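Quick heads-up: it's one chain on its own, the form deposited in one PDB entry, in structure tokens.
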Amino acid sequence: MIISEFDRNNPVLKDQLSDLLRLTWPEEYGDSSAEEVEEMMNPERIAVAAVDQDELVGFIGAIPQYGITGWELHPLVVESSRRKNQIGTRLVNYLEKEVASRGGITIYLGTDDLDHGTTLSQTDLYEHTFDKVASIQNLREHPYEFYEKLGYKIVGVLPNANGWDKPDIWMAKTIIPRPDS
């Protein structure tokens, strides 16, 4: 397989992406799936594909939310039969260089804990907020640990976002060398 920039003019790659998003997050992607993928094709954003044979085995994107300095990692999906084989790691690393070249300094993302897959859920997050964030533990293979192993740190939490004790975990990473103090 090869990871490279997404052919934004390939109708098949786009359909494959639409299918991948609908099979992974059907609650977020539905009938207007094609229109949502077209938004991911916007010139200002970055679109990186992981392709093997005739399949889109993975995809990653980033939106410039704060000028060209603050990018959001959205989305990131690997085919179910292709996970835990480093595609995600290679895709995130590829995105980081894409962002850096465009003047980006940091990439952030938000990953919710809806299935009680982290110790940050089912607990009053306003109580010892940051002591809890620090002592976090993965209970159900929650993707937060993935980003953590890639250098992203939990920089914030949104308590009770998806209902009682179901927070949104905010993670970020500065991709370029700090100009010192």
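Note that residue numbering begins at 1 and tracks the sequence as displayed. The term rigid core refers to the most C-alpha atoms you can superpose between the two forms while keeping them within 1.5 Å.
Note on 150-158 vs 63-71: mean CA B-factor is higher in 63-71.
Note on 33-41 vs 115-123: mean CA B-factor is higher in 33-41.
Based on the entry's C-alpha B-factors, the most elevated value among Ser81, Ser101, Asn93, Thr106 belongs to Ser81. Sorting the modelled residues of the chain by their CA temperature factor places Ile3 in the lowest third.
Split the chain's modelled residues into thirds by C-alpha temperature factor. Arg140 is in the lowest one. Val51: CA B factor lies in the middle third for its chain, per the PDB record.
Keep in mind the form deposited in another entry is missing from the figure; the text below concerns it.
Per-residue Cα shift between the shown form and the other one after core alignment stays below 2 Å for all of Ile63, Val51, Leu125, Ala47 except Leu125.
The two forms, fitted on the rigid core, differ between the shown form and the other one by less than 2 Å at the CA of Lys14. In a rigid-core overlay of the protein, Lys166 has its C-alpha displaced by at least 2 Å between the shown form and the other one.
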